[PDB]
Amino acid sequence: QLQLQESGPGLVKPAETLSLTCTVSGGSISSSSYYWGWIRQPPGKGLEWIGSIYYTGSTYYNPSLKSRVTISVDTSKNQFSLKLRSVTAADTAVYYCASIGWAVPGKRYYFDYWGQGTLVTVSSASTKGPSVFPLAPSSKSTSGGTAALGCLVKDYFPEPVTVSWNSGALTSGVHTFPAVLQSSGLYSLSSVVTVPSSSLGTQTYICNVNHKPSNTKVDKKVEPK
Amino acid sequence: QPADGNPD
Amino acid sequence: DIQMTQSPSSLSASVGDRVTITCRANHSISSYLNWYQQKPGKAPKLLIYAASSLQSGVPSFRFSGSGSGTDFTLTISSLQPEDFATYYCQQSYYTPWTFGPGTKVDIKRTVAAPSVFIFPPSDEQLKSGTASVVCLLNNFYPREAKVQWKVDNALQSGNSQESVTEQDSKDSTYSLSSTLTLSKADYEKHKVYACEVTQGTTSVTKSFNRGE
Ligand SMILES: *[C@@H]1O[C@H](CO[C@@H]2O[C@@H](C)[C@@H](O)[C@@H](O)[C@@H]2O)[C@@H](O[C@@H]2O[C@H](CO)[C@@H](O[C@@H]3O[C@H](CO[C@H]4O[C@H](CO)[C@@H](O)[C@H](O)[C@@H]4O)[C@@H](O)[C@H](O[C@H]4O[C@H](CO)[C@@H](O)[C@H](O)[C@@H]4O)[C@@H]3O)[C@H](O)[C@H]2NC(C)=O)[C@H](O)[C@H]1NC(C)=O
């Protein structure tokens, strides 16, 4: 079991350089039975292999990108990294790091462990953290014994925000909607959870809103009105 | 990494 | 490079069904072929490597892969709700490694009507000069639905947006949220706010009065 941790999402300006780092835990990056690579997925599209590195520094690049990409490795800190020069909006995508094993006989490579993915947005606008508003339950949001509550996450840039409830302890009944692009060029989304209306006098429900591009987290206790 | 199909 | 294709690009199938997906290479790739399962919002997960070997944590008798050369199949036995995902093949014989475009596997289930909830703007937001009214359609099937806003019984256009989840991995339903955005000024000139959802021959409207 490996865990691969990428640096978080953010903005990169047109024509500047995207830079990402993956930290490997659960095993050494100095392994003669692994390479280490980067893959990306444009929003709504499929997957493209960017390139790979062996723990000695040898590198392998997709020729659709070989001019602009550099991958490097730091065995001392169990890290490897990716630089992508002169970016455009064609480079906006979720970038994944991955360990690359293979199945003998032959070098039948596979991607067996993956990072969580980091969304990179190429854009001229600046970042804006979100404003968070409660969507509050009452008798008027109670279907028999089940109430809906949520929070409205308004006016942020770039994507993504992630939302959890009660620090991730509450997961079933949660729906976090895809963000919408508003005419101001800022995003909004909402996240809701359904809970027994009899619990609203007793249990605390807190929506946890994380906006890594602005290094902001917002926690909002959502109360019946 | 090095490919078996096109090792050039 | 080696072009990978998949068929079909999407399918729907019922729970318990047997589902087969096809991958083709435009050049032989021997057995150097992997299958990945990507669920919504997650990284792809290796399911099959070397064309037919199972990743060691995958439960037996649920997935199998076969083929060689240019034609490969992934088979899902006894489709389950949690198998909702996009399935990608990927070849490792020629560099650059290339993925197929993916096959989305949707789940067919019985109709479910939505639970409908409407939330007035928070007083927090109103202090700020805008008012977002939110309509929630929770856990319905099938996906298609018309959502409309009415303010003092007058139908709205161009001032709302909507968002739909992917199919739930446990009960295979959808949920949807619609947001009507007004100026605080506009919001306080009207009394009745209503969200109306239509599927087939049934409409459900939830409303509130700005006063109460
Ligand atoms: C499997 O399909 C592969 C994908 O091809 C697509 O789908 C197929 C089914 C077709 O419909 C096709 O139209 C689609 O493209 C197919 O891969 C293709 O293979 C060809 C060779 O036949 C490649 O053409 C060569 O491309 C290179 C690279 O060009 C790009 O990169 C350089 C930078 O490095 C840029 O400067 C270029 O502008 C491009 O952006 C060319 O350098 C090369 O030219 C030289 O050779 C040709 C002969 O073809 C000479 O006439 C020239 O003078 C040059 O000396 C070729 O044109 C093509 O890139 C490649 N596509 C992809 C996406 O990789 C593959 O061949 C199929 N396999 C089989 C067995 O059919």
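Heavy atoms only: backbone and side chains are in, while hydrogens, waters and symmetry mates are out. Read the numbers this way: they start at 1 and go in the same order the structure lists the ligands and their atoms. Every chain is numbered from 1 and lettered A, B, ... according to where its sequence line falls, protein lines coming before strand lines.
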Practice problem: Indicate whether any N or O donor in one side chain lies under 3.5 Å from an N or O acceptor in the other, for C/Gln91 and C/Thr98. | Solution: yes

Self-check item: Plane angle bin for C/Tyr36 and A/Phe111 - parallel if under 30°, tilted between 30 and 60°, otherwise perpendicular
Solution: tilted

Quiz item: Are the side chain of C/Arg62 and the backbone N or O of C/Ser78 linked by a donor-acceptor pair below 3.5 Å?
Solution: yes

Quiz prompt | Donor-acceptor pair, side chain of C/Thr165 and main chain of C/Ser175, under 3.5 angstrom | solution = yes

Quiz item: Is A/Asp91 paired with A/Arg40 through a side-chain N to carboxylate O contact shorter than 4.0 Å?
Solution: yes

Is [atom] less than 4.0 angstrom from at least one protein heavy atom?
{"atom": "atom 46 (O) of ligand 1", "value": "no"}
{"atom": "atom 22 (O) of ligand 1", "value": "no"}
{"atom": "atom 56 (C) of ligand 1", "value": "no"}
{"atom": "atom 1 (C) of ligand 1", "value": "yes"}
{"atom": "atom 25 (C) of ligand 1", "value": "no"}
{"atom": "atom 34 (O) of ligand 1", "value": "no"}
{"atom": "atom 70 (C) of ligand 1", "value": "yes"}
{"atom": "atom 28 (C) of ligand 1", "value": "no"}

Quiz item: Among C/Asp1, C/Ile2, C/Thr70, C/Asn26, which residue places a heavy atom closest to atom 62 (C) of ligand 1?
Solution: C/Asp1

Quiz item: Would you say the side chain of C/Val116 lies within less than 4.5 Å of the side chain of C/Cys135, judging by non-hydrogen atoms?
Solution: yes

Quiz item: Checking side chain to side chain contact (heavy atoms under 4.5 Å, CB included) for the pair A/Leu135/C/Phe117: CA distance, chi angles, key distance, verdict?
Solution: CA-CA 10 Å; A/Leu135 297 165; C/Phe117 306 82; over 6 Å; no

Practice problem: Provide, to 0.1 Å, the distance between atom 9 (C) of ligand 1 and the closest protein heavy atom, together with that atom's residue and name. | Solution: C/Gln3 OE1, 3.3 Å

